[PDB]
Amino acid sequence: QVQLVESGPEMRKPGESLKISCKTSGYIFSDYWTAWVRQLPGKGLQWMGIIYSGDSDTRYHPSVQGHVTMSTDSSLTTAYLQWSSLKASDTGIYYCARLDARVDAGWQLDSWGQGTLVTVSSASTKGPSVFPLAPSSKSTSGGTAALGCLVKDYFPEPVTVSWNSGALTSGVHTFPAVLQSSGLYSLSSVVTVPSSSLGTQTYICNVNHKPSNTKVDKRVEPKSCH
């Protein structure tokens, strides 16, 4: 069906070039524009502009003109956003979204990409260390056990956490990362489960940090005494 799929997260140094992509499928590319939208810190969306693949006709927001460039590959039904010389303040989430080009149509954005976190920093990329938060009598009460993973010392954002390859979602809390004094991020992901089934169920946190090409699966087992 109708889909817009963006590149994974990207990490670059200031001054470097970058082109992110938005692969569209499920609809006729030539019947639509493609818009790029930037998410602002805290709250807010900035309409950056649009591009029609038919003749590469472009509108830009007057305050993004000339710093970013939109293009398309109609053959690949894909739209691009490009910086020739990144600045650290370009960091943030960028969405693509489709817009009806037809006569008749309003120019609302009815389908959206998942967003791409672009980070621009002179600091070094670093993959996380992943440590178990083991269920024990100190995290078990009322029939409920809490367990989780500590994801420590990574850069940049984002780190992705799933549990049991996505089969475990209810009761999961993956906390917003904190910025340590070291300039590295840390977060935790926790889940509450029945304490009765700790002996029969298996809990694995799957940790992904694409900027460092790091993937960690950590089995989280109940604490025992040795």
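Start at 1 and count along the sequence shown; that's the residue number.
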Query raised in the report: Mean CA B-factor: is it higher for 162 to 170 or for 25 to 33?
Result: 25 to 33
**Report entry** Residue stretch of maximal mean CA temperature factor, 53 to 61 vs 38 to 46
**Finding:** 53 to 61
Query raised in the report: In the PDB entry, which of 137, 119, 84, 116 has its C-alpha at the highest B-factor?
Result: 84
Query raised in the report: Which of these, 70, 187, 193, 179, has its C-alpha atom at the highest B-factor, as the entry lists it?
Result: 70
Query raised in the report: Once the chain's modelled residues are ordered by C-alpha B factor and cut into thirds, is residue 199 in the lowest, middle or highest one?
Result: lowest
Report summary line: residue 155: C-alpha B-factor third of its chain, per the entry, is the lowest
**Report entry** CA B-factor placement of residue 92, once the chain's modelled residues are sorted into thirds
**Finding:** lowest
Query - Third assignment of residue 143 from its chain's C-alpha B-factors - result: lowest
Query - Where the record places residue 123 (Cα B-factor, split into thirds across the chain) - result: middle
